[PDB]
Amino acid sequence: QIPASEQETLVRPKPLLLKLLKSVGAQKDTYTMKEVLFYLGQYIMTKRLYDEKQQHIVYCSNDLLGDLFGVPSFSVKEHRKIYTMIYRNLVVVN
Ligand SMILES: O=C1N=C[C@H]2[C@@H]1[C@H](c1cccc(Cl)c1F)[C@]1(C(=O)Nc3cc(Cl)ccc31)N2CC1CC1
């Protein structure tokens, strides 16, 4: 469905994404998509936004992540949707 190559994509986060990334990882100008997915996953888990028991839904209406993605919640199974929400918060570099 999603190619493995997607995770090699180099990105420059927009300010609000960068702000979220900085609460879980070291700041730098450019990230891989692998890094962005890892750091956002860690952001979600540390802050207990993920309800794994009960439908694999992340609940983010009470959090900055909700502002980033424009949704009150989403399913962690919907990978293409997740990539699209992340993409709108960054600029791809070559
Ligand atoms: O399938 C999954 N089930 C749980 C994992 C993983 C999911 C995931 C992994 C690769 C690519 C995509 Cl698009 C993907 F969604 C991920 C992840 O590893 N990083 C991340 C980041 C955001 Cl913003 C949302 C969900 C996840 N989840 C973290 C759990 C704390 C919710």
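Cβ atoms come from the backbone with ideal geometry, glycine included; neighbour counts cover every protein chain shown. Read-outs: derived from the displayed coordinates by stated rules, not from any lab.
The lone criterion from (1) within 11 Å of the ligand (Cβ to nearest atom); (2) over 14 Å from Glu6 (Cβ atoms) left unmet by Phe38 is number (2).
For beta carbons closer than 8 Å, sequence separation of 6+ or different chains, a first residue in the range 18-32 that is surrounded by fewer than 16 Cβ atoms within 10 Å (Cβ to Cβ) and a second that is in a helix (DSSP H, G or I), the qualifying pairs are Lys19/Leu64; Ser23/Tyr43; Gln27/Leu18; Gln27/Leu21; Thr32/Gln7; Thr32/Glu8.
If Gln42 satisfies every condition in (1) assigned to a strand (DSSP E or B); (2) under 12 Å from the mean Cα position of the chain (by Cα) but one, which is the exception? The one condition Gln42 does not meet is (1).
Tally up the residues in the range 73-91 that are among the hydrophobic types (A, V, I, L, M, F, W, C) and in contact with a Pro (Cβ under 7 Å, 6 or more places away or on another chain), please. Explain how you work it out, then say what you get.
Taking the range 73-91 as the starting set, the residues that turn out to be among the hydrophobic types (A, V, I, L, M, F, W, C) are 74, 76, 82, 85-86, 90-91.
With the extra rule that they be in contact with a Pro (Cβ under 7 Å, 6 or more places away or on another chain), the set shrinks to 90.
Result for the range 73-91: 1.
Can you say whether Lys77 is among the charged types (D, E, K, R), surrounded by fewer than 11 Cβ atoms within 10 Å (Cβ to Cβ) and within 12 Å of the ligand (Cβ to nearest atom), as far as the supplied structure shows?
Details: among the charged types (D, E, K, R): yes; surrounded by fewer than 11 Cβ atoms within 10 Å (Cβ to Cβ): yes; within 12 Å of the ligand (Cβ to nearest atom): yes.
When the stated conditions are applied, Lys77 passes them.
For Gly66, the conditions (1) surrounded by 15 or more Cβ atoms within 10 Å (Cβ to Cβ); (2) more than 13 Å from the ligand (Cβ to nearest atom); (3) among the small types (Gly, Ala, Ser) are fulfilled apart from (2). In the range 41-59, the qualifying residues are those that are of a type in the set (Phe, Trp, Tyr) and touching a strand residue (DSSP E or B) at 6+ places or on another chain (Cβ under 6 Å), and the one that is nearest to the ligand (Cβ to nearest atom) is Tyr50.
State the number of residues belonging to the range 45-69 that are assigned to a loop (DSSP other than H, G, I, E, B) and over 12 Å from the mean Cα position of the chain (by Cα).
Within the range 45-69, the subset assigned to a loop (DSSP other than H, G, I, E, B) is 47-49, 52-56, 60-63.
If we keep only those that are over 12 Å from the mean Cα position of the chain (by Cα) too, we end up with 47-49, 52-56, 61-63.
Number satisfying all stated conditions: 11.
Quick check: anything in the range 49-72 in contact with a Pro (Cβ under 7 Å, 6 or more places away or on another chain) and touching a residue at least 40 places away in the same chain (Cβ under 8 Å)? No: zero hits.
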